[PDB]
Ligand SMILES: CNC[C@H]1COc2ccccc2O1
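There is one chain below, alone, in structure tokens, taken in the form deposited without this ligand.
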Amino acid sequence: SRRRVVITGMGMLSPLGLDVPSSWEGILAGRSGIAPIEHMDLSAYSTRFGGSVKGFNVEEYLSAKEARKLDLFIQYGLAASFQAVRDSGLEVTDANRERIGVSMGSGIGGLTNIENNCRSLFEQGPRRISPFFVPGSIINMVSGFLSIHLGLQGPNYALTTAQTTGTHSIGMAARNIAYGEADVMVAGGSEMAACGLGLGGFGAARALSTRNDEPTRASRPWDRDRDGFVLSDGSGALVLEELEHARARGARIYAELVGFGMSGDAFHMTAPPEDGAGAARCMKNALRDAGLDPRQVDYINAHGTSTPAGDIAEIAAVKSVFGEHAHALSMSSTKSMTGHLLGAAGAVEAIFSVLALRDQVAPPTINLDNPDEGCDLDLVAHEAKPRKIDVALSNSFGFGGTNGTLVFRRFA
């Protein structure tokens, strides 16, 4: 047997906001966080826009001196984590610190630091590389810094599964608690891949929208005029907690995490199979894990990246899994508003799935002006839809064909 895992705290930086409630207000209003990227000469680039975090003040979290040691993606991960831990009300003590761990990940890690240190290396030579280049750039330093700052001695690790990172981080942290290796985990992901290297690297694969004239209309999941994903920055963290532990201290419980699925497509380095067979296996594994029938799902937060092949693969996968229930659930892509936060996508979208449960509302897929061929599900086009939601899924389908699904259920 297995213990129950609940969500007691959430934290976020996104293109919509510097916290969860500001971000969520944007989501339910259909607001875009996408804009031309500033303080960068993007003249030579085919994409000049994305989802930046606006007005982030790291000195609310760290001293200037500690922040100078860390890449932006680590700053963002620590901000969401500190928010989530504050939101949980949890008191770390000598009696529980060995039972509290961290799994905060990233898909691409420290590109901004790699750029700035490459500048020094190329121009001046290796003796100008920062002493903090390695520890301030490696993906496990959100978990590392958070554990040092809060005195967490539980399991300490970091996943990196490209665009699936946040989903896998949360699911695997839930397993840690369910199987008794921890009582509390801080889990999620963070990403800062604006930089030239993110825009240039994805741009070279022609993976990005190039709708430079109308950045807010670029991310248009399942719309016939979509032309690839929009790159976005930020972070999501959840406090996952064993249910009896949460009840004993009088925690506020947002929702229960009942299911976690994983699969591999074993198909292609970057593209999904046309029928989303892997995504279907992963959703079926998550529902089996939750002991739920597909007919019990009310709301899906899609991966919904605005890539032609990805978006159609998900429709096929959902039709395959859900059969005569596929039209009754509501499925939306919040990436229509946030863009694609890569390894943090699954983290912020797990939060939006939990808030869909709290508020009984399916967030919109904005920009869905002309659904493409076969995109005839309830994709919540344009405007948020109040509805009954007992069970919400969140999907992430990333490079290497790596798939993750989380199942959340209302708690009372």
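The numbering used is simple: start at 1 and walk along the sequence shown.
The form deposited with this ligand bound exists for this protein as well; it is not shown, and the discussion that follows is about that form.
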- [ ] Spell out, yes or no, whether the shortest heavy atom distance between residue 243 and this ligand in the deposited bound form is within 4.5 Å.
- [x] no
Open item on the list: Please tell me whether any heavy atom belonging to residue 150 falls inside 4.5 Å of a heavy atom of this ligand, as the geometry stands in the deposited bound form.
Closed with: yes
Task: Interface membership of residue 86, this ligand in the deposited bound form, 4.5 Å heavy atom rule - done: yes
Open item on the list: Would you classify residue 376 as touching this ligand in the deposited bound form, given a 4.5 Å non-hydrogen atom cut-off?
Closed with: no
TODO: At a 4.5 angstroms cut-off on non-hydrogen atoms, which residues of 59-76 are near this ligand in the deposited bound form? List them in order.
DONE: 60, 61
